[PDB]
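Chemist: Quick note, the sequence shown lines up with residues 4 to 125, 127 to 261 if you use the entry's author numbering.
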Amino acid sequence: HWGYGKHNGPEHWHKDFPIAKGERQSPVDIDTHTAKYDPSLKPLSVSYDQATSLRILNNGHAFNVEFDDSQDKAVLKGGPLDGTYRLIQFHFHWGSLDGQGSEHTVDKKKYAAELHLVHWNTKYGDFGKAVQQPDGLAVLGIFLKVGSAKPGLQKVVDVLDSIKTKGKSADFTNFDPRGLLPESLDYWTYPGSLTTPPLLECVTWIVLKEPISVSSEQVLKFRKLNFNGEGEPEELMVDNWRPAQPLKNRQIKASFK
Ligand SMILES: N=C(N)NC(=N)NCc1ccc(S(N)(=O)=O)cc1
Ligand SMILES: [Zn+2]
């Protein structure tokens, strides 16, 4: 029964998930002047040419575009990572207003939304095992700002009417997640956590510096989704973001000068 409401939102999560007050929680504010360039961060490798999307699901928190992760079809390697991380799903966090919605912030700036491409370390065999490990997941985070449309997002936008309410799914094959990437792969990285319960401290975060732009109409369609199930009181799926958490004993590294 966690969520994003007044009575069950981020300030309440610690009562069921005490790791919410842990040593490596996410998201964080990225202080760009304090991040340090790490010249040894070896090139990042996004290999999504053989990606196989399967389905899109409204899980009551967000919507997930799910991939076949039973082979190395869409993988992330390089950068801070040791080994191979398979893409399992992507989702977004977004606001009720264009001035909020991202989970990470950059010098305290919120973006309108944030895309999370979730990958698990193949050495752990399955996603469920990976989330129990400190290096189990790699999440590629991409900021969204409102401006020009993102053509490669439109197929996602257009299916949302079919998954309005919690528990709905729709087949979603042949979607190419390369159409959601910015031009540059410059990034910041730090060790953190899942940003929703169970808040497990299993993530290497890789947050791209360059935001993608989406149109006002595209984000407006995100905001028509519902947190509730069909036949329950309508509650718009907006402001499904956790605010920045204390950095504690962490350094954020930059791939770029
Ligand atoms: N551990 C689970 N709940 N299992 C699962 N299927 N996904 C959980 C999950 C995956 C990614 C993120 S995020 N926002 O940090 O990218 C939060 C939660
Ligand atoms: Zn997320």
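Each residue gets a CB set at the ideal place from its N, CA and C atoms; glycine is no exception.
1) Where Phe231 and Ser43 are concerned, what is the direct C-alpha to C-alpha distance, given to the nearest angstrom?
2) Name the DSSP bridge partner or partners of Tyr128?
3) Give the DSSP bridge partners of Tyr114, in chain order.
4) DSSP has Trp209 in a bridge; who is on the other side?
5) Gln158: which of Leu184, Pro250 and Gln137 sits nearest, CA to CA?
6) Under 8 Å: do the segment 246 to 259 and the segment 170 to 180 share three or more Cβ pairs, one atom per stretch?
7) In this structure, how does DSSP classify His15 when only helix, strand and coil are distinguished?
8) Quick check: what's the CA-CA separation for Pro181 versus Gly156?
9) For ligand 2, which residues count as neighbours when the test is a C-beta closer than 6 Å to any heavy atom?
10) List the endpoints of the continuous alpha helix (DSSP H) containing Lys225.
11) Does the beta carbon of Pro181 fall short of 7 Å from some heavy atom of ligand 1?
Modeler: With the given structure in hand:
1) When rounded, the distance between both Cα atoms is 43 Å.
2) DSSP, once it has assigned bridges, lists no residue as partnering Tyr128.
3) Looking at the DSSP assignment, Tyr114 forms no beta bridge with any residue, so it has no partner.
4) Per DSSP, the beta bridge partners of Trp209 are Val143 and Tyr194.
5) Checking every option, the nearest Cα to that of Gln158 belongs to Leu184.
6) No, they do not touch.
7) DSSP places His15 in coil when its eight states are reduced to three.
8) If I take the Cα positions, the gap works out to 8 Å.
9) In chain order, the hits are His94, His96, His119 and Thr199.
10) Going by DSSP, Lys225 is part of the alpha helix (DSSP H) stretching over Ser220 to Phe226.
11) No; taking the cut-off as 7 Å, the Cβ of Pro181 has no heavy atom of ligand 1 nearer than that.
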